[PDB]
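**Q** Take this structure first; my questions come after.
As a convention, Cβ positions derive from the backbone with ideal geometry for all residues, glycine included, and neighbour counts pool all protein chains shown. Coordinate-derived values only; no laboratory data.
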Amino acid sequence: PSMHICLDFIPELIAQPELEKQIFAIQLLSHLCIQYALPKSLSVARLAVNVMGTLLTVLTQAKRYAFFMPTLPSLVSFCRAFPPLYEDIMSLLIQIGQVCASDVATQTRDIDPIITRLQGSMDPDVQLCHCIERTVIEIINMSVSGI
Amino acid sequence: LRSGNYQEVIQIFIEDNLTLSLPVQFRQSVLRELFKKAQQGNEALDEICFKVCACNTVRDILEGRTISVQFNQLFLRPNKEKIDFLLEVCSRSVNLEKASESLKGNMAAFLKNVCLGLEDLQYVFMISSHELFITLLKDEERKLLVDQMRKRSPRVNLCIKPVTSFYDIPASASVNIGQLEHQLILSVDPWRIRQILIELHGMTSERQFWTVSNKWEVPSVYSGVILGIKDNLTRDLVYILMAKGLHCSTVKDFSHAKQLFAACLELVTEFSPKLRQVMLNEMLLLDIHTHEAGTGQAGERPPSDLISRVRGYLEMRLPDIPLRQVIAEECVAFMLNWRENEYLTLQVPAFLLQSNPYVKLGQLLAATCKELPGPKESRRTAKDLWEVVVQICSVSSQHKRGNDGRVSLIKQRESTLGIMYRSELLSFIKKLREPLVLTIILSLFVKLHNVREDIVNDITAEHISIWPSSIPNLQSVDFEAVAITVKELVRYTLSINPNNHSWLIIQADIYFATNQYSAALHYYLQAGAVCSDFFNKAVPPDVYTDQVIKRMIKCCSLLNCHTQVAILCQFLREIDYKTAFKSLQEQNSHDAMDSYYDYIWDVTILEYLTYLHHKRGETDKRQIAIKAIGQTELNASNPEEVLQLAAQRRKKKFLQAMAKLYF
Amino acid sequence: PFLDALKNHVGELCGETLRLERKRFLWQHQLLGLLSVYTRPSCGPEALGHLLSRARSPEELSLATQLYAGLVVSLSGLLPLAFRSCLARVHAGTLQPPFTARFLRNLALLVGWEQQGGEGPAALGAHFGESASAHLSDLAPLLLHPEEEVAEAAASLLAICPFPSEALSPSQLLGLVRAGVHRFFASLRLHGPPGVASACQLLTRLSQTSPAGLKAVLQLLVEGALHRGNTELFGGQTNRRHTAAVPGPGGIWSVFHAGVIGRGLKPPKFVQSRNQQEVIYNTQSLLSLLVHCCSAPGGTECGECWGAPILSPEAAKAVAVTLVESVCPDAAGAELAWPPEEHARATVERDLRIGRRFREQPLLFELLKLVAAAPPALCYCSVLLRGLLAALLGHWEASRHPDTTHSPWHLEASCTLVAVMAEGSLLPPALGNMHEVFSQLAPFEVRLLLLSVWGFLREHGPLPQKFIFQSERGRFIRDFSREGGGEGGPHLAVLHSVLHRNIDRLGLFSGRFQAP
Amino acid sequence: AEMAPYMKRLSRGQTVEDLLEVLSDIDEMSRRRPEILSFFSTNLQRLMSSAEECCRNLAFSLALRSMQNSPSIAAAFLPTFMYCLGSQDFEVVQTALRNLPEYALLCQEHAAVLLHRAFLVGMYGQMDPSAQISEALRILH
């Protein structure tokens, strides 16, 4: 029960260069926001989404996969905690979705997820797109059943 | 080989298929030499080449190497003889007693897949029946494969006739009449319809029976004449015949409509000439419809007998027969679509030609289209067309007495001074399919649209801009109706054939004006991919002119893809480094900013990219930019023979990926 | 009121009719027809779609045809409405996968029956294929449907579904071809050779539409076949424990080592040994599909029954160009004229990567043979051959073994290269025989021999010219002895000298070259 | 009975002017007793995928009015609406995206599939449904 203190220094933690540390920070913030819903928690959850937007611009694809696949399922937790912090979530999700989609066409693929629009060990980008689709399904479900 | 005993050569080869003494490479080279001989023009050696190829393939299958392409090429269209020879070769090649399970399974699987490749069920059956095939392959697998091939059989019998639940001889006149009229409705043969209807008239009173299926329709123009017959029987027969045949024509069932209408012709011939003349008009209409549809849009050459009939019918117009605008416009469209420019305005110029606006407009269109090949800058017929269309689209009352708003044309379809209405001319044009006239009229309409219709001056591309710039009564015209109709016509011509870069450019410009940037890019890419074979060749600049590429830059920038904009920048004769940098500057990219650095092939923009990344502190991409620059393919100092090829290749790759992305 | 009341229960009535009672099904068929004629929307598409959705046998299909025959005389344009409604419903959550698969296969049966026969469809003019051509576009995604049954049904239907008056729009063609190739590879993955006939037929039927279609089909197919995935199908490739034992076994002292260099012990060391067999057959399937696509049907029936149709030089050109871009996007040595030998020294690195790619992917050899089938395509496929030759030359020099067979793969690669060149007709048959003797030779012998080959080809640069077209046979011919140099001459002298120095074991083979 | 001519006019309509006249009149007497529109349910659907802004806007207005009156009709418009989203004219899809929040709000059942399809269209076709989706899901709470 004495772990709420983390909301103090998570802002300092995210500033660390190590992608591993930042990925951990966002994941931790996800569960802290669920358990505690305080103005400080939201003032930090907003910064989390802003940092994710920034790293979207500043990250090559080889690390974009490794940094976005294990942190995206964190966003449904933010949405569960804070309906107010919702349009930003959806904007970032659609942005990352279509940037990954655009990157997909650059090099020939065997599944070509584009035709899946009207709907194993695959390529990183295909995995990333499937992850984003799953997260959107999950956030829609949580919003429908969130009362 | 020195002598020419190729049969002995084949025998030696089949024996080697067991001995395994000869070198496989020797066999392959011998086959190549024999095929060279065949190419030299010795056709007799063709079957010998096939036989030796079969021997080589079977020999190879024993070891399990890949199958030569030449065997499949020769095997494209097998005959009985080829398959029998292959079977016999295999029979000699494998001896069951001195053969291992590995080889046995090898031959079994090879024959299985050869059969899978086969198409003719007779060949399937014979290859299955081959004794060696039976011995090698177990009956279970054989029957499974047989079932698989025969699963391509659409041999299913379907019942065409409707079911008649009513039972015959009902012992009740009322239900008997009901069943009889049901059969009458279901019937399509004119003779059987006549028999049923005459039986009904006989066993009933003198009551009209054409009012038995309300679905049946008859034009009000011809209803008076069709029902103005003293005899109930004859009037009902002719009414039902014409109604059913017209329904068949609407459904495009000319096979049965022809029979019904032809039967009605003889019946009406005994009656007044007026009715049979109307029925001959129906003949002309049905003939036009059957020619356009049944012979297909690819009708190479109309017989021209019905063309002469149409010519005479239009030029005569002697009697007071009620003529249908549908027939008139359809035949005028028919002649125009078949390019009967010989039948220009000079023929029957004043006899009712002005009375019927359809023929007037069609003849004017023919004159103005044949005016284009003429290099003279007369364009008098073009000016006439421009004036008639602008007056048609203009509101009759400038002061708008009917209503304050300029919605009279859009809703009331009145105040439409002119030979046609907008809807009428729309129907006329949709009846057309001639690319030349269609594109000329589209050019006219797009000009009418682009002449001072709004603040934006995004003048759409057009091929022949000869229409007058002067626009009298500019207030009267409705730019809104102009836009609606031009969009409709663009949608119609794309339906005619999307394979038209000229129309694709126009559609894309329309969407760009409407700010439908996604559609704009989509159709522009379709245009490029039509002009060249999906960019496997160099795109002619005539289509991708600098104006089009500038439109692309604007669309992409507003679509927020600031790396794709930079890639497109190179396509101009002079690169707009100003806009390239102004676009790369912003941080809101949405176009996989990193992965695209491979395609960019100008050293200067990459220098800009490296500076920007280093300044903003993004090393993971600074390194990518450095690598892209460092690549040897491009150095800005090569003899340009390699530079142009490299730029072409990168353009192809980028446009291919870009086309994959959209649509 | 009865008709209006049953409007809401039209579908269940269709189900009862499909239950195939004694005569209740006939009665309900008549009731459905009359109700459809009655109501203003006519519910015709709804009834037909439901009937097809739960249709699984020819008698029910015939019931549907009977209903259509009864209705068409009254109404018009039922097929477009029915197809639109049913496809929209399929895209929506409704039409459970069994139901939609049933519907697709019923449509396939309908279109096949209409295509065949001369009496049934003639009497009943429906033009199922013509109507479906309007909806060819939205059928493509059904090929990538996650459900195998749905994919099979869609592929079967489109294998014979015709195309509109205009061939097709470019975007629709691209969507169709991409769906088809993906379906083809998935089918090869799951079923194997037997299951890909429908997709192969689809690709073929849409290939001969337009030349751009041929280019797109070939490009996508070959690139996909070479992609990282689906290529093994053809060619093949904590603190708890740490502290549970630690402390240098001393405990009151430091630890032995001064650190680790990284993760350590790259674990996998894993080999690809799935299966050699039936990879040949999969390659054969792909090769047959390529042959069908590239070979112009012609229809002349060359010879009586033996003369094989000639292959399209344009198709070979497309295959060569796309293969070049797939393997080595480099274009520095794109000058089709072969530079001198020393020039390879700068290009070794690219040559080595090309050689590695070849060794990894044997399928490229079969594609090369296919390209060799056409005469002129090799001139365009010039950089690949130059790279392979440079690699083989470089490797052969650093061969200390007295025997050549010690390096197995390289020997086969050299033999295949020489034979492919011979078949491609850039060499006289004298030099075409060359590849037979590589096995029984010292390494330097083969190296000097291939150097002579390089010199000869340098003299005779492969170009699109000199490939004289023949009216008798479309196959372009390169007439030797008209190039001045003609035969090997100086190079054939080197060849003769080699074989004459090595008569010890080459006497039997010497009878081939004879006098050029 | 009194409305009999109207659906016949619509069914036999093929021109923008006449269809616009009929639709405007339909709106006029919809303003009073909108429940009469229940007989046009099929009529609005196959018109919905048309290529005219005015016609499509009227179709949307009538559909949403009919839904507001009778919420139990969502499944009827579900498939046609999904097909409108899926269509690739980049006009019907835009309009349907505009009016997505109201339809999902009145549905309350298939929002799971509606919003998924909208998001997928937004991702792969370069349109930003962020605003519309956010509004719909805020309203769903």
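**Q** Quick check on my filter: what residues within the range C:258-276 are within 30 Å of B:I61 (Cβ to Cβ) and away from chain B (no Cβ under 14 Å)?
**A** In the first step, residues of the range C:258-276 are kept if they are within 30 Å of B:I61 (Cβ to Cβ); the result is C:271-276.
Residues satisfying the conditions are C:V271, C:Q272, C:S273, C:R274.
**Q** If we only count helices (runs of 4 or more DSSP H) wholly inside the range C:112-172, which ones have 2 or more residues that are closer than 30 Å to B:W503 by Cα and more than 8 Å from chain B (Cβ to nearest Cβ)? Please lay out each step first, then the result.
**A** Numbers: elements: C:120-123, C:128-133, C:136-139, C:148-160.
Those helices (runs of 4 or more DSSP H) span C:128-133, C:136-139.
**Q** Identify all residues within the range B:167-207 that are within 25 Å of B:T234 (Cβ to Cβ), more than 14 Å from every other protein chain (Cβ to nearest Cβ) and outside any helix (DSSP H, G or I); write none if there are none.
**A** Within the range B:167-207, B:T204, B:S205, B:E206, B:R207 qualify.
**Q** Another question, then. Within 21 Å of C:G455 (Cβ to Cβ), among the acidic types (D, E) and either more than 13 Å from chain B (Cβ to nearest Cβ) or surrounded by 22 or more Cβ atoms within 10 Å (Cβ to Cβ) (or both), is that true of C:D403? Give the steps one after another, and end with the answer.
**A** Working: within 21 Å of C:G455 (Cβ to Cβ): no; among the acidic types (D, E): yes; either more than 13 Å from chain B (Cβ to nearest Cβ) or surrounded by 22 or more Cβ atoms within 10 Å (Cβ to Cβ) (or both): yes.
So C:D403 does not fit the description; no.
Let's see how each residue does on (1) among the polar types (S, T, N, Q); (2) surrounded by 18 or more Cβ atoms within 10 Å (Cβ to Cβ):
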| residue | (1), (2) |
| --- | --- |
| C:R105 | no, yes |
| C:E119 | no, no |
| C:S131 | yes, yes |
| C:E149 | no, no |
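**Q** Report, ordered by the first and then the second residue, all pairs with beta carbons closer than 6 Å, sequence separation of six or more or different chains, a first member in the range C:5-23 that is within 14 Å of chain B (Cβ to nearest Cβ), and a second member that is surrounded by 17 or more Cβ atoms within 10 Å (Cβ to Cβ).
**A** Here the result reads C:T17/C:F25; C:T17/C:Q28; C:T17/C:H29, each pair linking the range C:5-23 to a residue that is surrounded by 17 or more Cβ atoms within 10 Å (Cβ to Cβ).
**Q** Separate question: Go through the range B:628-640 and report how many residues are loosely packed, with under 12 Cβ neighbours inside 10 Å and not in a loop (DSSP other than H, G, I, E, B).
**A** 1
**Q** Within the range A:105-147, restricting attention to residues that are in a helix (DSSP H, G or I), under 17 Å from C:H145 (Cα atoms) and of a type in the set (D, E, K, R), which residue is farthest from the other protein chains (Cβ to nearest Cβ)?
**A** Of everything passing the filter in the range A:105-147, A:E133 is farthest from the other protein chains (Cβ to nearest Cβ).
**Q** Output yes when any residue across the range C:342-353 is over 19 Å from C:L393 (Cβ atoms), within 11 Å of chain B (Cβ to nearest Cβ) and of a type in the set (A, V, I, L, M, F, W, C), and no when none is. Please lay out each step first, then the result.
**A** Going through the range C:342-353, the residues over 19 Å from C:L393 (Cβ atoms) turn out to be none.
Scanning the range C:342-353 turns up no residue that is over 19 Å from C:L393 (Cβ atoms), within 11 Å of chain B (Cβ to nearest Cβ) and of a type in the set (A, V, I, L, M, F, W, C).
**Q** For the range B:142-158, does any single residue satisfy the condition of being on the phi > 0 side of the Ramachandran plot and surrounded by fewer than 15 Cβ atoms within 10 Å (Cβ to Cβ)? Walk me through it before giving the result.
**A** As a first pass, look at the range B:142-158 and keep what is on the phi > 0 side of the Ramachandran plot: none.
Scanning the range B:142-158, I find no residue that is on the phi > 0 side of the Ramachandran plot and surrounded by fewer than 15 Cβ atoms within 10 Å (Cβ to Cβ), so the answer is no.
Each row is one residue, and each column tells you yes or no for (1) basic (K, R); (2) within 13 Å of another protein chain (Cβ to nearest Cβ); (3) more than 41 Å from the chain's Cα centre (by Cα); (4) buried (at least 18 other Cβ atoms within 10 Å of the Cβ).
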position	(1), (2), (3), (4)
B:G41	no, yes, yes, no
B:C90	no, no, yes, yes
B:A109	no, yes, yes, yes
B:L121	no, no, no, no
B:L137	no, no, yes, yes
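**Q** On to the next question. If you go through the range B:390-443, how many residues are at positive phi and small (G, A, S)?
**A** Step one: of the range B:390-443, the residues at positive phi are B:400, B:413, B:415, B:418.
Okay, now just the ones that are also small (G, A, S), so B:415, B:418.
Of the residues in the range B:390-443, 2 are at positive phi and small (G, A, S).
**Q** Run down B:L267, B:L246, B:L197 and say which single residue is out of contact with any strand residue (DSSP E or B) (no Cβ under 6 Å at 6 or more places or on another chain), buried (at least 20 other Cβ atoms within 10 Å of the Cβ) and more than 30 Å from B:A333 (Cα to Cα).
**A** Details: B:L267 fails: buried (at least 20 other Cβ atoms within 10 Å of the Cβ); B:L246 fails: more than 30 Å from B:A333 (Cα to Cα).
When all the criteria are applied, what remains is B:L197.
**Q** Can you tell me how many residues within the range D:79-136 are farther than 22 Å from A:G146 by Cβ, within 14 Å of chain C (Cβ to nearest Cβ) and in a loop (DSSP other than H, G, I, E, B)?
**A** So the answer is 5.
**Q** Could you grab me the full set of residues in the range B:273-296 that are surrounded by 13 or more Cβ atoms within 10 Å (Cβ to Cβ) and not in a helix (DSSP H, G or I)?
**A** Result: B:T295, single match.
**Q** Run down B:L425, B:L409 and say which single residue is within 14 Å of another protein chain (Cβ to nearest Cβ), under 18 Å from B:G362 (Cα atoms) and hydrophobic (A, V, I, L, M, F, W, C).
**A** Values: B:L409 fails: under 18 Å from B:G362 (Cα atoms).
Sole residue among the options that is within 14 Å of another protein chain (Cβ to nearest Cβ), under 18 Å from B:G362 (Cα atoms) and hydrophobic (A, V, I, L, M, F, W, C): B:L425.
**Q** Any residue in the range B:577-602 that's more than 8 Å from chain A (Cβ to nearest Cβ) and under 18 Å from B:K652 (Cα atoms): show its pairings with residues that are of a type in the set (G, A, S) and part of a loop (DSSP other than H, G, I, E, B) at Cβ separation under 9 Å, as long as the two are six or more apart or on different chains.
**A** These pairs meet every condition: B:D602/B:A636.
**Q** Can you confirm whether the range C:317-331 contains a residue that is small (G, A, S), over 23 Å from C:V196 (Cβ atoms), away from chain B (no Cβ under 11 Å) and in contact with a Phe, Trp or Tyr (Cβ under 9 Å, 6 or more places away or on another chain)? It would help to see each step written out before you state the result.
**A** The initial filter retains those residues of the range C:317-331 that are small (G, A, S), namely C:318, C:320, C:326, C:331.
Remaining after also requiring over 23 Å from C:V196 (Cβ atoms): C:320, C:331.
Next, only the ones that are away from chain B (no Cβ under 11 Å) stay: C:320.
Now drop any that are not in contact with a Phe, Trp or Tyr (Cβ under 9 Å, 6 or more places away or on another chain), which leaves C:320.
Checked against the condition, which is being small (G, A, S), over 23 Å from C:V196 (Cβ atoms), away from chain B (no Cβ under 11 Å) and in contact with a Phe, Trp or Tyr (Cβ under 9 Å, 6 or more places away or on another chain), the range C:317-331 yields at least one hit.
**Q** Looking only at the range A:51-97, count every residue that is closer than 16 Å to A:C33 by Cα and assigned to a helix (DSSP H, G or I) and tell me the total.
**A** First pass over the range A:51-97, keeping only residues closer than 16 Å to A:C33 by Cα: A:71-86, A:89.
Of the ones still in play, those that are also assigned to a helix (DSSP H, G or I) are A:74-81, A:89.
Counting residues in the range A:51-97 that are closer than 16 Å to A:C33 by Cα and assigned to a helix (DSSP H, G or I) gives 9.
**Q** Kindly indicate whether C:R350 is under 26 Å from the mean Cα position of the chain (by Cα) and more than 27 Å from C:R478 (Cβ to Cβ).
**A** Values: under 26 Å from the mean Cα position of the chain (by Cα): no; more than 27 Å from C:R478 (Cβ to Cβ): yes.
In short, no.
**Q** A further question on this structure: Just checking, does the range B:150-166 include any residue being assigned to a helix (DSSP H, G or I), within 30 Å of C:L157 (Cα to Cα) and not acidic (D, E)?
**A** So the first thing to find is which residues in the range B:150-166 are assigned to a helix (DSSP H, G or I), and the list is B:150.
Restricting the remaining residues to those that are within 30 Å of C:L157 (Cα to Cα) gives B:150.
Then keep just the ones that are not acidic (D, E); that gives B:150.
Taking every residue of the range B:150-166 in turn, at least one turns out to be assigned to a helix (DSSP H, G or I), within 30 Å of C:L157 (Cα to Cα) and not acidic (D, E).
**Q** Can I ask one more? Can you report the number of residues in the range C:239-261 which are exposed (fewer than 10 other Cβ atoms within 10 Å of the Cβ) and on the phi > 0 side of the Ramachandran plot?
**A** Filtering the range C:239-261 down to residues exposed (fewer than 10 other Cβ atoms within 10 Å of the Cβ) leaves C:239-245, C:249-254, C:256-261.
So of that shortlist, the ones also on the phi > 0 side of the Ramachandran plot come out as C:249, C:251, C:259.
Residues meeting the conditions: 3.
**Q** Among the candidates B:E15, B:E97, B:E81, which residue alone is more than 9 Å from every other protein chain (Cβ to nearest Cβ), over 30 Å from C:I468 (Cα atoms), assigned to a helix (DSSP H, G or I) and among the acidic types (D, E)? Steps first, answer last, please.
**A** Values: B:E97 fails: assigned to a helix (DSSP H, G or I); B:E81 fails: more than 9 Å from every other protein chain (Cβ to nearest Cβ).
Step by step, each of B:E15, B:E97, B:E81 is checked, and only B:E15 is more than 9 Å from every other protein chain (Cβ to nearest Cβ), over 30 Å from C:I468 (Cα atoms), assigned to a helix (DSSP H, G or I) and among the acidic types (D, E).
**Q** May I pose another question? Considering every residue within the range B:286-299, establish whether at least one is closer than 24 Å to B:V348 by Cα and touching a helix residue (DSSP H, G or I) at 6+ places or on another chain (Cβ under 6 Å). Step through it out loud before you land on a result.
**A** Quick first cut of the range B:286-299, residues closer than 24 Å to B:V348 by Cα only: B:287-288.
Checking the rest, the ones that are also touching a helix residue (DSSP H, G or I) at 6+ places or on another chain (Cβ under 6 Å) come to B:287-288.
For the range B:286-299, residues closer than 24 Å to B:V348 by Cα and touching a helix residue (DSSP H, G or I) at 6+ places or on another chain (Cβ under 6 Å): present.
**Q** Those residues that are farther than 14 Å from B:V58 by Cβ and within 52 Å of the chain's Cα centre (by Cα), I need them from the range B:12-27; list them, please. Talk me through it step by step, then tell me what you get.
**A** Quick first cut of the range B:12-27, residues farther than 14 Å from B:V58 by Cβ only: B:12, B:21, B:23, B:25-26.
If the condition is that a residue be farther than 14 Å from B:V58 by Cβ and within 52 Å of the chain's Cα centre (by Cα), then B:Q25, B:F26 are the ones that fit.
Yes/no matrix, rows are residues, columns are (1) touching a helix residue (DSSP H, G or I) at 6+ places or on another chain (Cβ under 6 Å); (2) crowded, with 18+ Cβ neighbours inside 10 Å; (3) in a loop (DSSP other than H, G, I, E, B):
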| site | (1), (2), (3) |
| --- | --- |
| B:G312 | no, no, no |
| B:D320 | no, no, yes |
| B:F334 | yes, yes, no |
| B:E340 | no, yes, yes |
| B:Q347 | no, no, yes |
| B:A350 | no, no, yes |
| B:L361 | no, yes, no |
| B:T368 | yes, yes, no |
| B:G374 | no, no, yes |
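**Q** Name, by its number, the condition in (1) away from chain B (no Cβ under 14 Å); (2) in a loop (DSSP other than H, G, I, E, B); (3) surrounded by fewer than 19 Cβ atoms within 10 Å (Cβ to Cβ) that does not hold for C:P98.
**A** So the condition that C:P98 fails would be (2).
**Q** While we're here: Which of the residues that make up the range C:51-77 are within 14 Å of chain D (Cβ to nearest Cβ) and either farther than 24 Å from C:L20 by Cα or surrounded by fewer than 19 Cβ atoms within 10 Å (Cβ to Cβ) (or both)? Can you show your working first?
**A** Initial filter on the range C:51-77 (within 14 Å of chain D (Cβ to nearest Cβ)): C:53, C:74-77.
Once the filter is applied, which keeps residues that are within 14 Å of chain D (Cβ to nearest Cβ) and either farther than 24 Å from C:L20 by Cα or surrounded by fewer than 19 Cβ atoms within 10 Å (Cβ to Cβ) (or both), the range C:51-77 yields C:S74, C:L75, C:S76, C:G77.
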